[PDB]
């Protein structure tokens, strides 16, 4: 229905706003673009599903996310990818792990404060009906 298409358009407006706020935070610059295969040819041999915030906006605009939960799976993948590629005790690895945990915790905190649980449940029920 038109009403259902309006619900999904509001979901995309909400997701774009959360994503652009994460992308302007200086702590999360390393997560704003895909890893450059030239600088890091080893990356795509270890990490099987690369993800970054520019890819997330592209996916919002392609209608890939029908629920909040769908979107948070990709935020969780940006974080898990950084934890698995950078697992060592040295300061460069510890700094990117701390920034990756902060990106994940920040996204979940904005959604807890600013999403209504009934809007999230409406999107699930429309998705399940399709």
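Numbering follows the first chain given and starts at 1.
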Of 80-88 vs 32-40, the stretch with the larger average CA B-factor in the entry is 32-40
The stretch carrying the higher mean Cα B factor in the deposited entry, 1-9 or 119-127, is 1-9
Listed options 57, 46, 95, 51: highest C-alpha B factor recorded at 46
Among the modelled residues of its chain, the C-alpha B-factor of residue 73 falls in the third labelled middle
